[PDB]
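Working notes, structure below.
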Amino acid sequence: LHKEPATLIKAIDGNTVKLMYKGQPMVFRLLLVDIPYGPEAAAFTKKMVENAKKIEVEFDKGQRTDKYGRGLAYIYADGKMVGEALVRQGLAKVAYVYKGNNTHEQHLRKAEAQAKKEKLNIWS
């Protein structure tokens, strides 16, 4: 998989962000991340992407857009995965694999177990 440059346009909520991607505005939905702490997840994602000096999009090997037109990707802010950071913080849960996009699933489930063990936020 490869990282591609993108520019933040707008933070929307915990797992949705509007990006300029290859010169077109596009809403992205973070792969493998579920939000059941909703506003807390929103605030965390907002700060992460707004403070980054570099935003990158990384499509998985599966379907790249959902039915609603949203890009389905991993988002990196300064080299760190936004979805993973949320899961690790106990601010989101790991979703079911959608259409073959499972490359970082294992890594996410680990982050999740650890947040769980630490009784963090939604695991409170």
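Quick note on naming: the chains in the structure tokens go A, B, ... in the order shown, residues restart at 1 in each chain, and ligands are numbered from 1 in order of appearance.
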Quiz item: Excluding same-chain residues fewer than 3 positions from stretch 37-52 of chain A, what lies within 6 Å of it counting only C-alpha atoms, as a ChimeraX atom specification?
Solution: /A:11,13-14,77-78,91
Next, the residues of the selection above should be written as a CSV table (one decimal), in the first residue's frame with N, CA, C and O atoms.
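Printed below is out.csv as written:
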```csv
chain,number,residue,atom,x,y,z
A,11,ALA,N,-12.2,19.0,9.3
A,11,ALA,CA,-12.5,17.9,10.2
A,11,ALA,C,-14.0,17.8,10.4
A,11,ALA,O,-14.7,18.8,10.6
A,13,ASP,N,-16.0,14.6,11.9
A,13,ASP,CA,-16.3,14.0,13.2
A,13,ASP,C,-15.1,13.0,13.5
A,13,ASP,O,-14.1,13.0,12.9
A,14,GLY,N,-15.4,12.0,14.4
A,14,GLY,CA,-14.3,11.2,15.0
A,14,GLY,C,-13.7,10.3,13.8
A,14,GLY,O,-12.4,10.0,13.8
A,77,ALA,N,-1.4,11.4,10.1
A,77,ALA,CA,-1.2,12.8,10.4
A,77,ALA,C,0.2,12.8,10.9
A,77,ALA,O,0.5,12.2,11.9
A,78,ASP,N,1.1,13.5,10.2
A,78,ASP,CA,2.5,13.4,10.6
A,78,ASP,C,3.0,12.0,10.8
A,78,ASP,O,3.7,11.7,11.8
A,91,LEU,N,-11.3,5.6,22.1
A,91,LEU,CA,-12.3,6.6,21.7
A,91,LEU,C,-13.1,6.0,20.5
A,91,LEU,O,-14.0,6.8,19.9
```
Quiz prompt | Distance query stretch 98-107 of chain A at most 10 Å, only C-alpha atoms, self and fewer than 3 positions along chain excluded, as JSON, numbers by chain | solution = {"A": [1, 31, 32, 33, 59, 60, 61, 62, 63, 64, 66, 72, 73, 74, 84, 94, 95, 110, 111, 112]}
Self-check item: DSSP strand (DSSP E) residues within stretch 28-124 of chain A, as a list in words
Solution: residues 28, 29, 30, 33, 34, 55, 56, 57, 58, 59, 71, 72, 73, 74, 75, 76, 77, 80, 81, 93 and 94 of chain A
What does the file look like for those residues with C-alpha atoms, as a tab-separated table (two decimals), in the first residue's frame?
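Once written, out_29.tsv looks like this:
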```tsv
chain	number	residue	atom	x	y	z
A	28	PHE	CA	-12.93	10.27	3.79
A	29	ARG	CA	-14.16	7.59	6.21
A	30	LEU	CA	-11.33	6.04	8.31
A	33	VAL	CA	-12.95	2.39	12.83
A	34	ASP	CA	-16.35	2.47	14.47
A	55	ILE	CA	-1.71	14.57	6.03
A	56	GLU	CA	-1.52	11.39	3.98
A	57	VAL	CA	-4.22	9.06	2.56
A	58	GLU	CA	-3.49	5.32	2.20
A	59	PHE	CA	-6.07	3.22	0.33
A	71	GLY	CA	-13.21	7.60	0.27
A	72	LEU	CA	-12.34	4.52	2.35
A	73	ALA	CA	-8.74	4.92	3.58
A	74	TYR	CA	-6.23	5.02	6.44
A	75	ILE	CA	-5.43	8.64	7.28
A	76	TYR	CA	-1.92	9.56	8.59
A	77	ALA	CA	-1.21	12.79	10.39
A	80	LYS	CA	0.69	8.52	12.55
A	81	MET	CA	-2.57	6.73	11.83
A	93	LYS	CA	-13.90	0.41	18.32
A	94	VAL	CA	-12.49	-1.75	15.51
```
Exercise. Have a look at atom CA of residue A:119 and atom CA of residue A:83 and let me know their distance in Å, one decimal.
Key: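 It comes out at 18.5 Å.
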